[PDB]
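S.K.: Sequence unavailable; structure follows:
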């Protein structure tokens with residue numbers, strides 16, 4: 001697809017509804033990029049910056065990484 005995943009969780013492919021998880025997790029990652037890059041630019045650290053930090057964490061509890069090598073570096077930096 002549009003990007004190369006980088007060590008997903010294997011156990012998401014084995015679900016009965018694994019066709020849906022591709023279109024879902026691409027939307028959630030897009031929202032995390034959008035409203036984390038906005039939130040740091042806005043310096044909305046308590047209700048917004050620490051929110052989408054907490055939602056990026058549960059993106060990795062759920063989906064593994066599933067973001068680019070180019071975009072893994074951006075979250076790290």
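M.R.: Yes, it's here. Numbers count the residues shown, from 1 in each chain.

S.K.: before we move on, which element is the spatially most central residue of the chain in?
M.R.: What sits nearest the mean C-alpha location of the chain, by CA atoms, centre = their mean, is residue 29, with 3.4 Å. Taking DSSP states H and E as the definition, one finds residue 29 inside helix 20-41.

S.K.: how much space between residue 54 and residue 64?
M.R.: Per CB to CB, to the nearest Å, residue 54 is found 18 Å from residue 64. The C-beta positions use only the backbone N, C-alpha and C, and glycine is treated the same way.

S.K.: and if you look at residue 37?
M.R.: 22 Å.

S.K.: just residue 17 next, same as before
M.R.: Taken as CB to CB, the span from residue 17 to residue 64 is 17 Å.

S.K.: Please apply the same query to residue 1.
M.R.: 15 Å.
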